[PDB]
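Enquirer: Give me coordinates for this.
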Amino acid sequence: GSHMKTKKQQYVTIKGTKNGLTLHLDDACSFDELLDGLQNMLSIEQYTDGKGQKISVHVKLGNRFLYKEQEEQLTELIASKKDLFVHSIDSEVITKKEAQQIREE
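Expert: Numbering: from 1, shown residues only. Take a look at the structure below.
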């Protein structure tokens, strides 16, 4: 029946039906395996909107520190033809460190 709802703290929503891919995750220190899964699935399935595919991946996680490089590598495939409205951004913490990738292992 009718029931008034208050505000939310941590919600998840993914829109990829007749449009591009608009998803918004609002959770910190939590896994987004149920988010990244659909993200890739929908992008491969169909991102054909018809008017203007909105491919805005807004991962408002926080101090979760997601591996952008993991998503970026797959994004590179679309970046070569980023004529659509694609915009992905998270909430990582900038770290000024010399992370030299040198492995003698």
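Enquirer: Can you show me the strands along this structure?
Expert: 12-15, 22-25, 54-59, 85-89 (DSSP state E).
Enquirer: Residue 56: how many residues sit nearby?
Expert: Neighbourhood size, residue 56 [other Cβ atoms under 10 Å]: 16. Any C-beta I mention is one placed from the backbone N, CA and C, and that applies to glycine too.
Enquirer: Looking at strand pairing, list the partners for it.
Expert: Note on residue 56: beta-bridge partners by DSSP bridges are residue 87.
Enquirer: wait, it sits on residue 49?
Expert: No: the pair residue 56 / residue 49 is not scored as a contact, 11.9 Å apart, by Cβ atoms under 8 Å.
Enquirer: Identify each buried residue in stretch 70-87, please.
Expert: 71, 75, 84, 86 (16 or more other Cβ atoms under 10 Å).
Enquirer: One more: stretch 28-45?
Expert: 32, 35-36, 38-39, 42-43.
Enquirer: before we move on, back to that, now do the shared contacts for residue 56 and residue 49.
Expert: residue 20 (Cβ atoms under 8 Å, 6 or more residues apart in numbering).
Enquirer: Could I get the CA-only coordinates of stretch 38-50 as PDB?
Expert: In PDB, the C-alpha atoms belonging to stretch 38-50 read as follows (Å, rounded to 0.1, in the frame of the first residue of the first chain):
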ATOM      1  CA  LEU A  38      26.000  -5.500 -15.500                       C
ATOM      2  CA  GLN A  39      28.200  -2.600 -16.600                       C
ATOM      3  CA  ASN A  40      30.100  -4.800 -19.000                       C
ATOM      4  CA  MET A  41      27.200  -7.000 -19.800                       C
ATOM      5  CA  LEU A  42      25.000  -4.100 -21.000                       C
ATOM      6  CA  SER A  43      27.800  -2.400 -22.900                       C
ATOM      7  CA  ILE A  44      28.400  -5.600 -24.800                       C
ATOM      8  CA  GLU A  45      24.700  -6.400 -25.200                       C
ATOM      9  CA  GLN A  46      23.300  -3.100 -26.500                       C
ATOM     10  CA  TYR A  47      24.200   0.600 -25.900                       C
ATOM     11  CA  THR A  48      22.100   1.700 -28.800                       C
ATOM     12  CA  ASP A  49      19.900   4.500 -27.400                       C
ATOM     13  CA  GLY A  50      18.900   6.100 -30.700                       C
END
